[PDB]
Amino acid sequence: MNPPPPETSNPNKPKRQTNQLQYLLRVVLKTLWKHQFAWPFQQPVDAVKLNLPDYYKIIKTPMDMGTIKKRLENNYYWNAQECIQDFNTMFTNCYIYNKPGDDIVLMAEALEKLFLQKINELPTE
């Protein structure tokens, strides 16, 4: 069974746009999105569709790049670190739920390397 997807808007949370957050949407996310291993991470895990009934019994802070994309498009984040933390949650969830060497983990490890490459240098204020 699927829990509700993570929020992509929250009127109680203040919004902000920065050069670094614009970069994270325009170059980091949009480039990762085109990677050949991106497709498993482009939407929230649908436990019913993918036949993973234990996913949300294990993973209590789900995150995906479709959620991050909508958050960036909506200026949901206060700063780039909050967005980077969502990316890191997405990668760590994959390592937590699976085991080393699994095909999905190899996909996540390659995307994580490309992500770290791209956020190594951010634009300034």
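When you see a residue number, it is the position in the sequence shown, counting from 1.
Undergrad: Quick one: higher average CA temperature factor, 26-34 or 64-72?
TA: The stretch with the larger average C-alpha B-factor is 26-34.
Undergrad: Could you check the entry and say whether 76-84 or 95-103 has the higher mean CA B-factor?
TA: Averaged over C-alpha atoms, the B-factors run higher in 95-103.
Undergrad: Consider only the C-alpha atoms of the modelled residues in this chain, order them by B-factor as the entry records it, and name the third containing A47: lowest, middle or highest.
TA: For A47, whose C-alpha B-factor we compare with every modelled residue in the chain, the answer is the highest third.
Undergrad: When the modelled residues of the chain are sorted by Cα temperature factor, does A110 land in the lowest, middle or highest third?
TA: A110: CA B-factor falls in the highest third of its chain.
Undergrad: How does the C-alpha B factor of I59 compare with the rest of the chain: lowest, middle or highest third?
TA: Middle third.
Undergrad: Report the third (lowest, middle or highest) to which the CA temperature factor of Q20 belongs, ranking only the modelled residues of the same chain.
TA: For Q20, the deposited C-alpha B-factor lands in the lowest third.
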